[PDB]
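Structure file structure21.cif with mmCIF, C-alpha atoms and all ligand atoms:
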```cif
data_data
loop_
_atom_site.label_atom_id
_atom_site.label_comp_id
_atom_site.auth_asym_id
_atom_site.auth_seq_id
_atom_site.Cartn_x
_atom_site.Cartn_y
_atom_site.Cartn_z
CA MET A 1 16.74 -12.34 9.05
CA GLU A 2 14.91 -13.78 12.05
CA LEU A 3 14.67 -11.23 14.86
CA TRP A 4 12.72 -11.44 18.09
CA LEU A 5 11.60 -8.16 19.63
CA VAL A 6 10.44 -8.01 23.22
CA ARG A 7 8.40 -5.15 24.68
CA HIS A 8 9.62 -4.66 28.25
CA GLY A 9 7.42 -5.35 31.25
CA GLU A 10 5.03 -2.70 32.54
CA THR A 11 6.00 0.36 34.58
CA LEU A 12 3.69 2.65 36.55
CA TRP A 13 3.26 4.93 33.54
CA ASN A 14 1.57 2.18 31.55
CA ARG A 15 -1.46 2.05 33.85
CA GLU A 16 -1.20 5.82 34.35
CA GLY A 17 -1.09 6.54 30.63
CA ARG A 18 1.89 8.90 30.67
CA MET A 19 4.31 9.23 27.74
CA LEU A 20 7.32 7.08 28.63
CA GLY A 21 10.42 7.68 26.54
CA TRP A 22 13.86 8.25 28.01
CA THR A 23 12.52 8.73 31.55
CA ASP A 24 14.24 5.83 33.34
CA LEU A 25 11.43 4.18 35.29
CA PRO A 26 11.67 0.77 36.99
CA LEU A 27 9.38 -2.18 36.33
CA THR A 28 6.39 -2.70 38.63
CA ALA A 29 5.94 -5.99 40.51
CA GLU A 30 3.65 -7.18 37.71
CA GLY A 31 6.19 -5.97 35.17
CA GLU A 32 8.75 -8.28 36.74
CA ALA A 33 6.22 -11.12 36.73
CA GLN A 34 5.77 -10.58 33.00
CA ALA A 35 9.53 -10.56 32.44
CA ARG A 36 9.95 -13.81 34.38
CA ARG A 37 7.26 -15.55 32.33
CA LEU A 38 9.34 -14.87 29.20
CA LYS A 39 12.08 -17.15 30.53
CA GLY A 40 11.81 -20.41 28.63
CA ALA A 41 9.60 -18.84 25.96
CA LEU A 42 12.28 -17.00 23.96
CA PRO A 43 14.92 -18.65 21.73
CA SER A 44 18.58 -18.94 22.75
CA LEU A 45 20.16 -16.34 20.48
CA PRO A 46 22.59 -13.44 20.93
CA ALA A 47 20.72 -10.84 22.98
CA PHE A 48 20.74 -7.05 22.74
CA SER A 49 18.83 -4.60 24.90
CA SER A 50 17.95 -0.97 25.26
CA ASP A 51 20.12 0.39 28.08
CA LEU A 52 17.12 1.79 29.97
CA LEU A 53 16.46 0.07 33.31
CA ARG A 54 13.04 -1.36 32.43
CA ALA A 55 14.44 -3.02 29.32
CA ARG A 56 17.66 -4.29 30.91
CA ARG A 57 15.74 -5.72 33.88
CA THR A 58 13.30 -7.46 31.55
CA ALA A 59 16.20 -9.09 29.69
CA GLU A 60 17.76 -10.11 32.99
CA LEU A 61 14.58 -11.63 34.43
CA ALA A 62 14.07 -13.36 31.08
CA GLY A 63 17.23 -15.37 31.70
CA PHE A 64 19.36 -13.23 29.35
CA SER A 65 22.58 -11.23 29.73
CA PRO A 66 22.32 -8.84 26.72
CA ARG A 67 24.74 -6.31 25.30
CA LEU A 68 23.40 -2.81 25.90
CA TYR A 69 22.68 -0.42 23.01
CA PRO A 70 21.05 3.05 23.30
CA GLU A 71 19.91 2.60 19.70
CA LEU A 72 17.16 0.30 21.02
CA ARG A 73 15.64 2.97 23.26
CA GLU A 74 12.05 4.13 23.02
CA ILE A 75 11.59 7.43 21.17
CA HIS A 76 12.70 10.53 23.09
CA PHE A 77 9.49 12.47 23.82
CA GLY A 78 11.34 15.61 24.91
CA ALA A 79 9.02 18.05 26.67
CA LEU A 80 6.24 15.49 26.26
CA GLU A 81 8.03 13.03 28.56
CA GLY A 82 5.63 12.20 31.39
CA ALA A 83 2.65 13.98 29.87
CA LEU A 84 -0.71 12.25 30.04
CA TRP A 85 -1.71 10.86 26.64
CA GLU A 86 -5.19 12.17 27.41
CA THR A 87 -4.03 15.80 27.60
CA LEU A 88 -1.76 15.74 24.56
CA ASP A 89 -2.49 18.45 21.99
CA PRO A 90 -4.49 16.93 19.08
CA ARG A 91 -1.58 17.66 16.72
CA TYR A 92 0.64 15.33 18.75
CA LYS A 93 -2.10 12.76 19.29
CA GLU A 94 -2.83 12.56 15.57
CA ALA A 95 0.88 12.47 14.76
CA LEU A 96 1.38 9.52 17.10
CA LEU A 97 -1.81 7.74 16.05
CA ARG A 98 -0.88 8.07 12.37
CA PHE A 99 2.80 7.53 13.23
CA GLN A 100 3.99 10.47 11.11
CA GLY A 101 5.22 14.05 11.36
CA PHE A 102 5.97 13.96 15.07
CA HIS A 103 8.58 16.37 16.38
CA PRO A 104 8.34 17.07 20.12
CA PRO A 105 10.30 20.10 21.37
CA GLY A 106 13.49 19.00 23.10
CA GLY A 107 12.89 15.52 21.75
CA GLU A 108 13.49 13.16 18.85
CA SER A 109 11.43 13.25 15.64
CA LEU A 110 9.66 10.09 14.51
CA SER A 111 11.79 10.16 11.36
CA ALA A 112 15.02 10.26 13.38
CA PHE A 113 13.65 7.53 15.64
CA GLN A 114 12.89 5.25 12.70
CA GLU A 115 16.28 5.94 11.10
CA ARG A 116 18.00 5.10 14.39
CA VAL A 117 16.02 1.90 14.88
CA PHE A 118 16.26 0.64 11.32
CA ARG A 119 19.96 1.45 11.08
CA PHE A 120 20.52 -0.69 14.17
CA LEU A 121 18.50 -3.57 12.71
CA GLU A 122 20.47 -3.40 9.45
CA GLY A 123 23.69 -3.81 11.41
CA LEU A 124 22.64 -7.14 12.92
CA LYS A 125 24.67 -9.95 11.37
CA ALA A 126 22.55 -12.87 12.56
CA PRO A 127 19.32 -13.80 14.38
CA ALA A 128 19.02 -12.24 17.83
CA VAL A 129 16.58 -11.36 20.60
CA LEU A 130 16.08 -7.63 21.15
CA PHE A 131 14.78 -6.34 24.49
CA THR A 132 13.24 -3.02 23.66
CA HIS A 133 10.19 -0.72 23.83
CA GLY A 134 6.63 -0.42 22.58
CA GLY A 135 7.50 2.31 20.09
CA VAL A 136 10.35 0.29 18.60
CA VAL A 137 8.18 -2.81 18.21
CA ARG A 138 5.51 -0.54 16.73
CA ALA A 139 7.90 1.02 14.20
CA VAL A 140 8.96 -2.44 13.05
CA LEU A 141 5.46 -3.92 12.87
CA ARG A 142 4.08 -0.87 11.04
CA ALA A 143 6.93 -0.96 8.54
CA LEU A 144 5.96 -4.55 7.87
CA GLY A 145 2.41 -3.36 7.16
CA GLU A 146 0.70 -4.54 10.39
CA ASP A 147 -0.84 -2.95 13.49
CA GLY A 148 2.07 -2.34 15.85
CA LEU A 149 0.51 -2.44 19.32
CA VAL A 150 1.59 -5.32 21.57
CA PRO A 151 1.18 -5.85 25.34
CA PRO A 152 3.92 -5.17 27.90
CA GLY A 153 6.13 -8.20 28.44
CA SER A 154 5.13 -9.67 25.08
CA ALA A 155 7.25 -10.47 22.04
CA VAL A 156 7.12 -10.73 18.26
CA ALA A 157 9.38 -12.52 15.81
CA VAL A 158 9.94 -11.10 12.34
CA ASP A 159 11.87 -11.99 9.20
CA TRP A 160 13.37 -8.54 8.79
CA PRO A 161 12.68 -6.62 6.55
CA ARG A 162 10.08 -8.86 4.90
CA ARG A 163 7.35 -10.11 7.24
CA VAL A 164 6.05 -10.76 10.75
CA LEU A 165 6.42 -14.38 11.87
CA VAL A 166 4.64 -14.61 15.21
CA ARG A 167 3.23 -12.58 18.09
CA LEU A 168 3.65 -14.09 21.55
CA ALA A 169 1.71 -12.99 24.62
CA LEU A 170 1.55 -14.82 27.95
CA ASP A 171 -0.97 -14.62 30.79
CA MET B 1 11.78 -5.39 0.76
CA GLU B 2 8.42 -3.79 -0.02
CA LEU B 3 8.61 -0.37 -1.69
CA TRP B 4 5.70 1.59 -3.10
CA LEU B 5 6.67 3.80 -6.03
CA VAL B 6 4.07 6.54 -6.40
CA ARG B 7 3.87 8.78 -9.44
CA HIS B 8 2.74 12.27 -8.43
CA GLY B 9 -0.59 13.66 -9.61
CA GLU B 10 -0.90 15.43 -12.94
CA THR B 11 0.41 18.93 -13.62
CA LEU B 12 -0.40 21.10 -16.64
CA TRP B 13 2.60 19.79 -18.59
CA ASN B 14 1.14 16.27 -18.53
CA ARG B 15 -1.96 17.24 -20.50
CA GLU B 16 0.22 19.49 -22.66
CA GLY B 17 2.88 16.86 -23.30
CA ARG B 18 5.90 18.89 -22.19
CA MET B 19 9.08 17.43 -20.66
CA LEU B 20 8.70 17.84 -16.90
CA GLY B 21 11.83 17.45 -14.80
CA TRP B 22 13.18 19.97 -12.31
CA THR B 23 10.68 22.66 -13.34
CA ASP B 24 8.72 23.00 -10.09
CA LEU B 25 5.13 22.93 -11.37
CA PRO B 26 2.15 22.63 -9.02
CA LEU B 27 -0.57 19.99 -9.28
CA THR B 28 -3.77 20.69 -11.22
CA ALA B 29 -7.12 20.35 -9.42
CA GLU B 30 -7.38 16.88 -10.97
CA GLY B 31 -3.86 16.13 -9.80
CA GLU B 32 -4.94 16.97 -6.28
CA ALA B 33 -8.01 14.75 -6.67
CA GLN B 34 -5.75 11.88 -7.76
CA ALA B 35 -3.55 12.45 -4.71
CA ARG B 36 -6.52 12.32 -2.35
CA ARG B 37 -7.70 9.05 -3.87
CA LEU B 38 -4.37 7.48 -2.92
CA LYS B 39 -5.11 8.00 0.78
CA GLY B 40 -7.50 5.06 0.69
CA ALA B 41 -4.99 2.68 -0.86
CA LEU B 42 -1.39 3.30 0.18
CA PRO B 43 -0.08 1.39 3.22
CA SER B 44 1.11 3.40 6.24
CA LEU B 45 4.83 2.70 5.86
CA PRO B 46 7.69 5.18 6.40
CA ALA B 47 7.38 7.82 3.68
CA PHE B 48 9.94 9.60 1.51
CA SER B 49 9.41 12.09 -1.27
CA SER B 50 11.12 14.02 -4.01
CA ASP B 51 11.47 17.59 -2.71
CA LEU B 52 9.66 19.03 -5.75
CA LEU B 53 6.26 20.61 -5.04
CA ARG B 54 4.11 18.19 -7.04
CA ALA B 55 5.56 15.20 -5.20
CA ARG B 56 5.38 16.83 -1.77
CA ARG B 57 1.77 17.90 -2.32
CA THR B 58 0.84 14.42 -3.53
CA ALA B 59 2.30 12.90 -0.36
CA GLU B 60 0.48 15.44 1.82
CA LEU B 61 -2.93 14.93 0.21
CA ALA B 62 -2.40 11.17 0.38
CA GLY B 63 -2.06 11.48 4.17
CA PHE B 64 1.75 11.27 4.57
CA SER B 65 4.50 13.44 6.11
CA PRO B 66 7.54 12.35 4.04
CA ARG B 67 11.26 12.74 4.59
CA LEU B 68 12.50 14.79 1.63
CA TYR B 69 15.26 13.55 -0.68
CA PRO B 70 16.34 15.27 -3.91
CA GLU B 71 17.60 11.86 -5.05
CA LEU B 72 13.95 11.02 -5.79
CA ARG B 73 13.59 13.85 -8.32
CA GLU B 74 12.73 13.26 -11.96
CA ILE B 75 15.71 13.59 -14.32
CA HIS B 76 16.83 17.18 -14.96
CA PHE B 77 15.94 17.88 -18.61
CA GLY B 78 18.11 20.99 -18.81
CA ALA B 79 17.27 23.10 -21.85
CA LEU B 80 14.64 20.49 -22.72
CA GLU B 81 12.53 21.32 -19.66
CA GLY B 82 9.11 22.31 -20.99
CA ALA B 83 9.84 21.22 -24.55
CA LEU B 84 6.99 19.45 -26.33
CA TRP B 85 7.65 15.71 -26.55
CA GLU B 86 6.15 15.91 -30.03
CA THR B 87 8.84 18.34 -31.22
CA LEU B 88 11.86 16.70 -29.58
CA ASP B 89 14.60 15.93 -32.08
CA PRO B 90 14.17 12.30 -33.27
CA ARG B 91 17.42 11.45 -31.52
CA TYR B 92 16.01 12.50 -28.15
CA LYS B 93 12.78 10.55 -28.65
CA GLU B 94 14.69 7.43 -29.70
CA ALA B 95 16.95 7.63 -26.63
CA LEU B 96 14.09 8.21 -24.20
CA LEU B 97 12.09 5.40 -25.79
CA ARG B 98 14.99 2.97 -25.57
CA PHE B 99 15.96 4.51 -22.21
CA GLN B 100 19.65 5.03 -23.09
CA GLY B 101 21.99 7.69 -24.44
CA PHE B 102 20.32 10.82 -23.12
CA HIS B 103 22.20 13.86 -21.79
CA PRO B 104 20.48 17.20 -22.57
CA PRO B 105 22.49 20.44 -22.47
CA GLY B 106 22.39 21.97 -19.00
CA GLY B 107 20.70 18.85 -17.67
CA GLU B 108 21.49 15.42 -16.23
CA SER B 109 22.73 12.32 -18.04
CA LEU B 110 20.23 9.44 -18.04
CA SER B 111 23.04 7.44 -16.44
CA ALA B 112 23.76 9.91 -13.64
CA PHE B 113 20.01 9.95 -13.07
CA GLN B 114 19.79 6.19 -12.57
CA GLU B 115 22.94 6.31 -10.42
CA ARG B 116 21.19 8.83 -8.17
CA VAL B 117 17.96 6.81 -7.95
CA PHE B 118 19.55 3.43 -7.22
CA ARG B 119 21.99 4.76 -4.63
CA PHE B 120 18.95 6.08 -2.77
CA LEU B 121 17.07 2.79 -3.17
CA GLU B 122 19.97 0.65 -1.98
CA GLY B 123 20.26 2.91 1.04
CA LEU B 124 16.72 2.27 2.31
CA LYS B 125 16.72 0.30 5.56
CA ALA B 126 13.04 -0.60 5.79
CA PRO B 127 9.86 -0.85 3.67
CA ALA B 128 8.63 2.51 2.44
CA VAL B 129 6.27 4.57 0.32
CA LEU B 130 8.15 6.76 -2.16
CA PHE B 131 6.44 9.79 -3.67
CA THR B 132 8.32 10.40 -6.88
CA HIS B 133 8.15 10.88 -10.66
CA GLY B 134 7.39 8.98 -13.84
CA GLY B 135 11.03 8.56 -14.79
CA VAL B 136 11.99 7.20 -11.38
CA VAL B 137 9.11 4.72 -11.40
CA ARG B 138 10.04 3.71 -14.95
CA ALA B 139 13.68 3.19 -13.95
CA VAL B 140 12.66 0.85 -11.12
CA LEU B 141 10.19 -1.12 -13.23
CA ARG B 142 12.75 -1.53 -16.01
CA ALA B 143 15.32 -2.73 -13.46
CA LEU B 144 12.88 -5.52 -12.60
CA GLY B 145 12.37 -6.38 -16.26
CA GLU B 146 8.96 -4.75 -16.72
CA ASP B 147 7.41 -1.98 -18.80
CA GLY B 148 7.76 1.13 -16.66
CA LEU B 149 4.89 3.32 -17.86
CA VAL B 150 2.40 4.24 -15.12
CA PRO B 151 -0.27 7.01 -15.04
CA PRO B 152 0.08 10.17 -12.91
CA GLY B 153 -1.38 9.59 -9.45
CA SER B 154 -0.96 5.81 -9.69
CA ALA B 155 1.44 3.51 -7.87
CA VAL B 156 3.39 0.29 -8.15
CA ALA B 157 4.52 -1.88 -5.26
CA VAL B 158 7.69 -3.91 -5.62
CA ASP B 159 9.60 -6.46 -3.57
CA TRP B 160 12.98 -4.80 -4.13
CA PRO B 161 15.09 -5.89 -5.83
CA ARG B 162 13.28 -9.08 -6.85
CA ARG B 163 9.93 -8.41 -8.53
CA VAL B 164 6.81 -6.30 -8.93
CA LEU B 165 4.14 -7.03 -6.31
CA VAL B 166 1.13 -5.19 -7.73
CA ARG B 167 0.16 -2.16 -9.80
CA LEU B 168 -2.42 0.31 -8.50
CA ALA B 169 -3.86 2.26 -11.41
CA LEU B 170 -6.87 4.34 -10.39
NA NA C 1 13.46 24.42 -21.99
#
```
Entire entry expressed as structure tokens:
Amino acid sequence: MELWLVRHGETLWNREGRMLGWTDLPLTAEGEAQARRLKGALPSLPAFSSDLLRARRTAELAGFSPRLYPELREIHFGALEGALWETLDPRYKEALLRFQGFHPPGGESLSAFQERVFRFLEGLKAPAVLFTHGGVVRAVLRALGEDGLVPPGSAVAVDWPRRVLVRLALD
Amino acid sequence: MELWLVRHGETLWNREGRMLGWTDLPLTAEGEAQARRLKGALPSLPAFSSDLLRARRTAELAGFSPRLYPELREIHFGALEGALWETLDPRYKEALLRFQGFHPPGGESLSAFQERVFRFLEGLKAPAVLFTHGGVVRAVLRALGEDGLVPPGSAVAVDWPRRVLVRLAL
């Protein structure tokens, strides 16, 4: 099933390199610029969005009025929320780099994150645009056997759960 | 949907030819070598594994941190666990060769086994790498109309539930 996944526009923690999960940060001015550029570049399909501000605002600026779902949220980093990637203990760094065996104290395990995300995707009855987060887009791309890193304010379309269709980035 | 069915590395009962089901045997040094070789071939998809030691250890040495599911276990051979394939009553051999009519005392029925395996498979919500056992791999291959015999430490990728994608025999 055709699904478009949008990584929300940038927040301060992108340039700062801090782990951004459930911390509800707003978009930066450039983040809004990115979100606005998506208007007219995404298909007219039912829209769903993470309920976190940065996602919702991206969907709004993108000319959409999505139905909010917490299931589309970035992974919950727990105690690692706000920590600099640079200072993360190697065990966590490796876990995140290899996308496996990640269980932050007070947070959500990668396994639970994937289950949550994939269960939501399974429930979709028809093509739709999903305003979400880098980790969600990554989980989906990796499951489809490809590198999962995409720029803020960019999107990817996939034929779930079979293959990636296109990656769209704007300048 | 892409699923990789991985047969765990060899244990001592493989070279001995004994029925290996729920008996929790460890891998041999060669079994561990086979597991390590898989690290350079298996895709980095979500991983799942039988909770038995040989499967878990294979996943670990192959570079994965799998979610554990008993549904991925080999069939429970009951009193036949550890029995030499060579000495199995002709009726048992026949059934296991035809893959039907097998229910050992104190064990699982070949039917309840398949029921367990396919319920798990139909429940998957995304592509995955499954560290499991010979019987499970065989069940999946047979379901797709193919011969299901694969060597320990090898793998088979399938586009479930349509066809086999490729076999990886090292
Ligand atoms: Na026995």
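Using all atoms listed in the file, the residues found no farther than 7 Å from residue 80 (chain B), other than those of its own chain fewer than 2 positions away, are residues 19, 77, 78, 82, 83 and 104 of chain B.
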Give the residues of chain B that lie within 7 Å of chain A; count only C-alpha atoms, and format the answer as a PDB file with C-alpha atoms, in the coordinates of the input.
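Contents of part-v4.pdb, freshly written:
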```
ATOM      1  CA  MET B   1      11.780  -5.390   0.760  1.00  0.00           C
ATOM      2  CA  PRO B  43      -0.080   1.390   3.220  1.00  0.00           C
ATOM      3  CA  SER B  44       1.110   3.400   6.240  1.00  0.00           C
ATOM      4  CA  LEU B  45       4.830   2.700   5.860  1.00  0.00           C
ATOM      5  CA  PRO B  46       7.690   5.180   6.400  1.00  0.00           C
ATOM      6  CA  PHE B  64       1.750  11.270   4.570  1.00  0.00           C
ATOM      7  CA  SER B  65       4.500  13.440   6.110  1.00  0.00           C
ATOM      8  CA  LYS B 125      16.720   0.300   5.560  1.00  0.00           C
ATOM      9  CA  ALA B 126      13.040  -0.600   5.790  1.00  0.00           C
ATOM     10  CA  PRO B 127       9.860  -0.850   3.670  1.00  0.00           C
TER      11      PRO B 127
END
```
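With distances restricted to all atoms listed in the file, B:22 is the closest residue to ligand NA 1 (chain C) from B:120, B:22, B:102, B:69.
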Surrounding residues of region 6-17 of chain A excluding itself and chain neighbours under 4 positions, 10 Å, only C-alpha atoms, as a PyMOL selection string: chain A and resi 24-36+38+42+49-50+53-59+82-86+129-138+149-157+167-168
Selection: 10 Å around residue 126 (chain A), only C-alpha atoms, excl. self and same-chain fewer than 3 positions, as a ChimeraX atom specification: /A:1-3,45-46,123
Atom-to-atom span, CA of residue 151 (chain B) and CA of residue 123 (chain B), Å: 26.4 Å
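Note that CA of residue 95 (chain B) and CA of residue 118 (chain B) are 20.0 Å apart.
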For ligand NA 1 (chain C), the nearest of the candidates B:119, B:39, B:56, B:18, counting all atoms listed in the file: B:18
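Across B:98, B:93, B:163, B:15, the tightest approach to residue 30 (chain B) is made by B:15 when counting all atoms listed in the file.
Distance-wise, CA of residue 124 (chain B) and CA of residue 159 (chain B) end up 12.7 Å apart.
Minimum atom-to-atom distances from B:112, B:25, B:38, B:32 to residue 156 (chain B) were compared using only C-alpha atoms, and the lowest value belongs to B:38.
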Need to verify the contact set: residue 138 (chain B), 9 Å, all atoms listed in the file, exclusion of same-chain residues closer than 5 positions in sequence. Can you return it as an mmCIF file with C-alpha atoms, keeping the file's coordinate frame?
```cif
data_model
loop_
_atom_site.group_PDB
_atom_site.id
_atom_site.type_symbol
_atom_site.label_atom_id
_atom_site.label_comp_id
_atom_site.auth_asym_id
_atom_site.auth_seq_id
_atom_site.Cartn_x
_atom_site.Cartn_y
_atom_site.Cartn_z
ATOM 1 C CA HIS B 133 8.150 10.880 -10.660
ATOM 2 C CA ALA B 143 15.320 -2.730 -13.460
ATOM 3 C CA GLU B 146 8.960 -4.750 -16.720
ATOM 4 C CA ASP B 147 7.410 -1.980 -18.800
ATOM 5 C CA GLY B 148 7.760 1.130 -16.660
ATOM 6 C CA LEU B 149 4.890 3.320 -17.860
ATOM 7 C CA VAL B 150 2.400 4.240 -15.120
#
```
Who sits within 10 Å of residue 28 (chain B), only C-alpha atoms, same chain under 5 positions skipped, as JSON, numbers by chain: {"B": [9, 10, 11, 12, 13, 14, 33, 34, 54]}
Minimum-distance residue to ligand NA 1 (chain C), chosen among B:59, B:79, B:84, B:155 (using all atoms listed in the file): B:79
Return the padded bounding box of region 62-73 of chain A as JSON: axis-aligned, built from all atoms listed in the file, 3 Å added on each side, with centre and edge lengths in Å to one decimal.
```
{"center_x": 19.4, "center_y": -6.2, "center_z": 25.7, "size_x": 16.7, "size_y": 24.4, "size_z": 18.0}
```
